[PDB]
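Novice:
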Ligand SMILES: [Zn+2]
Ligand SMILES: [Zn+2]
């Protein structure tokens, strides 16, 4: 049948490529553990070199269901 609904969902760029470093301008794909703030790769190298930076994805795993052990 045709009648009914259809997924084919989609969404423009609203918050996908809008989270960039205000100092560099590079999409922030990391999260500092010292100041618990978002930062770019160029930052973890300079801005936050000492602090313990972790890929945003990693910081999330914590919020969501527990995660398995892995020696990053
Ligand atoms: Zn930066
Ligand atoms: Zn930091």
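Residue numbers (PDB author numbering): 1 to 72.
For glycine and all other residues, C-beta sits at the position ideal for the given N, C-alpha and C.
Using 8 angstroms for Cβ pairs, my map puts residue 30 next to residue 65. What's the rounded Cβ distance?
Specialist: For the purposes of this step, residue 30 is taken as the residue at position 30 of the chain shown. For the purposes of this step, residue 65 is taken as the residue at position 65 of the chain shown. Not a contact, Cβ separation roughly 22 angstroms.
Novice: Roughly how many whole angstroms lie between the Cα atoms of residue 21 and residue 2?
Specialist: In the chain shown, the residue the question calls residue 21 occupies position 21. In the chain shown, the residue the question calls residue 2 occupies position 2. Cα to Cα, residue 21 sits roughly 47 angstroms from residue 2.
Novice: Give the DSSP-derived three-state secondary structure of residue 30 in the structure shown.
Specialist: As a working mapping, residue 30 is identified with position 30 in the chain shown. In the structure shown, residue 30 sits in a strand (DSSP, three-state: E or B).
Novice: So which of 5, 7, 6 and 27 has the shortest CA-CA distance to residue 15?
Specialist: On the chain shown, residue 15 is found 15 positions in, with the first residue counted as 1. That would be 27, whose Cα lies nearest to the Cα of residue 15.
Novice: Go through the residues and name those whose CB comes closer than 5 angstroms to any heavy atom of ligand 1, in chain order.
Specialist: Having a Cβ closer than 5 angstroms to some heavy atom of ligand 1 are 21, 23, 24, 40, 42 and 43.
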